[PDB]
Amino acid sequence: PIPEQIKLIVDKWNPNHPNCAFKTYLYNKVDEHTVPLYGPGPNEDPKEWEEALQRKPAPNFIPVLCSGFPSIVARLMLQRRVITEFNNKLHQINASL
Amino acid sequence: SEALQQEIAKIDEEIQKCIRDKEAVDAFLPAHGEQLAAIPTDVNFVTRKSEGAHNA
Amino acid sequence: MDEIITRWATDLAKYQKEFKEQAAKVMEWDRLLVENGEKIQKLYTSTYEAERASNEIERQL
Amino acid sequence: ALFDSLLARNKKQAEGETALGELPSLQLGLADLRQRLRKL
Amino acid sequence: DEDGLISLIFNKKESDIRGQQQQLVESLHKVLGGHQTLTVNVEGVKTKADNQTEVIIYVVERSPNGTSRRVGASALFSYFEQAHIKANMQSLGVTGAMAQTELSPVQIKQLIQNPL
Amino acid sequence: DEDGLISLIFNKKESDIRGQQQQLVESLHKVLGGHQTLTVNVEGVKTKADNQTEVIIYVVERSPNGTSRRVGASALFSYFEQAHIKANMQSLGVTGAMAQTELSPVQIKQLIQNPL
C-alpha cells in the first residue's frame, strides 16, 4: 500500500483535480441574463458545481473553482484591482460632495 | 535507489515549491487586509458627509 | 522510509487546514466588498440627486 | 459632516437678521433646559 | 479610461528620472514592442520620496488610416501587469503601477472570477 | 481597398461606351501617365439612364521585379480627384466617381482636417 499513498499525495498537491484536496468554490456575482452562461470547463464534477449552486448565498451568483494557491492569489489580485476602483469611485463621490 | 531517491527529491521539491506559493499567499494578506478594512470605514464616512450636504 | 510519508501526510493535512482558512477569509472579504459596493452605488445615486438639487437651487437664485 | 451642519444651521439661526420677524433666539442648556423641556 | 493615464512608481530620484528622460521613454517604448505605431508620452513627473518618483504616462496608437488615439488605461495596465512585462518594467526601476479608471462592479466581478 | 475598384459615371449612352471601349480604356491609361507599368481594366459596364453609364475600373501596377498588384482604391481615387486630373476626366465625359472602401473614422477625420 506504499506506492498508492505516494501517488495519492502527488495527486493531492496538483491542479489536475484528482481529489485536489484544495477544493473550495468562490461565488462570483454575475447579473442576469448571463446566468445561463458559465458553464465550467475541463475537470469540473457537476456534483461539486451543483452542490455549490445548491447552497447559494443570493441569486445572480455563479460559483468559481479555486484549486490550490495560485487561484487564491489570483482572487486576491482581483480583490486589489477592485479595491482601487472602490477607493477611486468613493473619492469621486467625496469630491462632488 | 536512484529512481526512488530522485523521485522523492522531485516530489518533495514540487511540494516545497507549492508551499512557497502558499507562503506567497500568506505574505500578501495583511496589507490587502488593512486596505479592505479601510473601505467600510470610508464609505461609512462619505455616506455621512452626503447626509450633511442633504441636510444642508 | 515511513518517516517520510508521515512528514508528507502531516504537512499535507497541516497546510490543507490552513488553505481552507485562507480561502474562507478571502470569501468573507469578497462578501464585505460587494456589501460595501451596494452602498457605494447608493452613495452615487444620493450624490447625483444632491447635485441636481443644488443645480436647481442655483437656478432659483 | 451632519452634526457639523446641525451646528452650522443652529449657529446661523441664532445670529440675526433683518428678516421681518425671526430674531436670534437665546440658547439655554443643561439646567434650565431640562426644566424647560419638562414644562413642555 | 480614454485618457489612458498610467502612473508608475520608480525607485529612482527625480533628478535621475528627468536627467535621462529620453532614455526612459524609449525603454518604455521598447517594452511595448518598439513599433512606430506606438508613442509613449510623459504626462507628469513628481517626487514622492528621496529615492521614489512617480511618472505618469499615456501611449498614443496610430491606425493604418493615419488616425491616432490614446490606448485605453485598462488595456495599457493589463499589458504592463502581464508577468513577463512586469518583470521587464521592474528591471527599469518600476516598483508599482496604477490606472485611474474606476472599474464597474461587473468588471471587478469578472477580474475576481478570472484573476489570470 | 485592395480590390482597387473605382466606379465612374459617364454622360454617354451604354452603346457608345461599349462601342468605343478600346479607345476609352486607352484614354484612361493616358490620364494615368501612359506608362507600360499601369494597365486599366474594366470590371463592369452598366446603364443608369438614357445618357448615363457607369463604368467600374481597376488599375494593375507592375513592379521592377515583375510582380503585379492592383492600385488601392483610395490611392486611385485620390489621383482622379486631383483638380488637373478631374478636369481631364470630365473631358472624357466623366461626371462622377466613387470608391467602395468604407473609410475609418480616423481617415475621415484626417480628410476633414486637411481637405486639400
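Which chain is which? The protein sequence lines are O3, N3, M3, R3, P3 and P2, in order. With the entry's author numbering as the guide, the letters of the first sequence map in order to residues 74 to 170. With the entry's author numbering as the guide, the letters of the second sequence map in order to residues 245 to 300. With the entry's author numbering as the guide, the letters of the third sequence map in order to residues 467 to 527. With the entry's author numbering as the guide, the letters of the fourth sequence map in order to residues 141 to 180. With the entry's author numbering as the guide, the letters of the fifth sequence map in order to residues 214 to 329. With the entry's author numbering as the guide, the letters of the sixth sequence map in order to residues 214 to 329. Built from N, CA and C at the ideal position, the CB exists for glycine as well.
Query, Result
"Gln-249 (chain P2) to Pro-328 (chain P2), Cα distance in whole Å?", "32 Å"
"With 7 Å as the threshold, decide whether the Cβ of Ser-317 (chain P2) is near any Cβ in chain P3.", "yes"
"Under 8 Å between beta-carbons, which chain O3 residues line up against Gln-279 (chain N3)? List them in chain order, please.", "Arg-153, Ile-156"
"Our contact map puts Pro-136 (chain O3) next to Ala-125 (chain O3) with C-beta atoms below 8 Å; I'd like the distance itself, whole angstroms only.", "4 Å"
"Where do the N-terminal and C-terminal ends of the alpha helix (DSSP H) with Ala-247 (chain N3) fall, by residue?", "246-271"
"Mark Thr-513 (chain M3) as exposed unless 16 or more other C-beta atoms lie within 10 angstroms of its C-beta, in which case mark it buried.", "buried"
"Tell me which residues of the stretch 148-159 of chain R3 have at least one Cβ-Cβ distance to chain B shorter than 7 Å, keeping chain order.", "Absent here is chain B; the protein component of the structure consists of chains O3, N3, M3, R3, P3 and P2."
"Decide if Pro-318 (chain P3) is buried, meaning its Cβ has at least 16 other Cβ atoms within 10 Å, or exposed.", "buried"
"Any beta carbon from chain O3 within less than 7 Å of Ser-245 (chain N3)'s own beta carbon?", "no"
"If contacts are defined as beta-carbon pairs under 8 Å, then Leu-499 (chain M3) and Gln-127 (chain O3) qualify, I think. What distance do you get, rounded to the angstrom?", "That belief does not hold up - the Cβ atoms of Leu-499 (chain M3) and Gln-127 (chain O3) are roughly 24 Å apart, past 8 Å."
"At least one CB of chain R3 closer than 7 Å to the CB of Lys-293 (chain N3): is that the case?", "yes"
"Take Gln-265 (chain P2) as the anchor and find which of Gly-306 (chain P2), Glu-315 (chain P2), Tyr-292 (chain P2) has the nearest alpha-carbon.", "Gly-306 (chain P2)"
"Smallest Cα separation from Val-258 (chain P2): which of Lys-225 (chain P2), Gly-246 (chain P2), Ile-321 (chain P2)?", "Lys-225 (chain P2)"
"Report the partner residues of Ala-310 (chain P3) according to the DSSP bridge assignment.", "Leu-221 (chain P3)"
"Give, in chain order, every unbroken run of the beta strand (DSSP E) that is at least 3 residues long and sits entirely within the stretch 234-293 of chain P3.", "251-262, 265-275, 281-283"
"What does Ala-475 (chain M3) touch in chain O3 if you count any residue whose Cβ is under 8 Å from its own?", "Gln-78, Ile-82"
"Are the stretch 157-166 of chain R3 and the stretch 261-275 of chain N3 touching by the rule of at least three beta carbon pairs closer than 8 Å?", "no"
"Comparing the C-beta of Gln-234 (chain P2) with each C-beta of chain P3, is any distance below 7 Å?", "no"
"Please classify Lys-151 (chain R3): does DSSP put it in a helix, a strand, or coil?", "helix"
"Chain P3 beta carbons: is any one of them nearer than 7 Å to that of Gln-323 (chain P2)?", "yes"
"Buried or exposed for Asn-502 (chain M3), please, with buried defined as at least 16 other CB atoms from any protein chain shown within 10 angstroms of its CB.", "buried"
"What did DSSP end up calling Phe-485 (chain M3) once you bin it into helix, strand or coil?", "helix"
"Is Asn-299 (chain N3) close to chain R3, meaning its C-beta is less than 7 Å from at least one C-beta of that chain?", "yes"
"When you compare the stretch 283-299 of chain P3 with the stretch 216-223 of chain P3, are there three or more beta-carbon pairs, one atom per stretch, that lie closer than 8 Å?", "yes"
"Closest to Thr-260 (chain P2) by CA distance: which of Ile-222 (chain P2), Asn-301 (chain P2), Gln-320 (chain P2), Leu-316 (chain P2) is it?", "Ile-222 (chain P2)"
"Determine the closest residue to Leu-138 (chain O3) out of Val-83 (chain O3), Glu-121 (chain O3), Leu-170 (chain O3), with distance taken between C-alpha atoms.", "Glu-121 (chain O3)"
"Note down, in chain order, every chain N3 residue with its Cβ under 7 Å from the Cβ of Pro-143 (chain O3).", "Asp-265"
"By how many angstroms is the C-alpha of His-297 (chain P3) removed from the C-alpha of residue 339 (chain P2)?", "What is shown of chain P2 runs 214 to 329, which leaves residue 339 (chain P2) out entirely."
"On a CA-only basis, which of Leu-478 (chain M3), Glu-515 (chain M3), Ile-470 (chain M3) is nearest residue 35 (chain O3)? Give me that one, please.", "Nothing about residue 35 (chain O3) can be reported from this structure: the residues present for chain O3 run from 74 to 170 only."
"Alpha carbon to alpha carbon, how far is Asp-118 (chain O3) from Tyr-481 (chain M3)?", "24 Å"
"Taking just the CA atoms, how far does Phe-293 (chain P2) sit from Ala-262 (chain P2)?", "23 Å"
"So, using beta-carbon positions, are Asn-167 (chain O3) and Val-287 (chain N3) closer together than 7 Å?", "no"
"Contact defined as beta carbons within less than 8 Å: I believe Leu-170 (chain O3) pairs with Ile-506 (chain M3). What is the distance between those atoms, to the nearest angstrom?", "With a Cβ gap of about 13 Å, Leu-170 (chain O3) and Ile-506 (chain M3) do not count as contacting."
"Put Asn-101 (chain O3) into one of helix, strand or coil per three-state DSSP.", "strand"
"Show which residues of chain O3 have a CB atom less than 9 Å away from the CB atom of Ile-523 (chain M3).", "Under the 9 Å cutoff, chain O3 gives no residues; its nearest Cβ is about 15 Å from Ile-523 (chain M3)."
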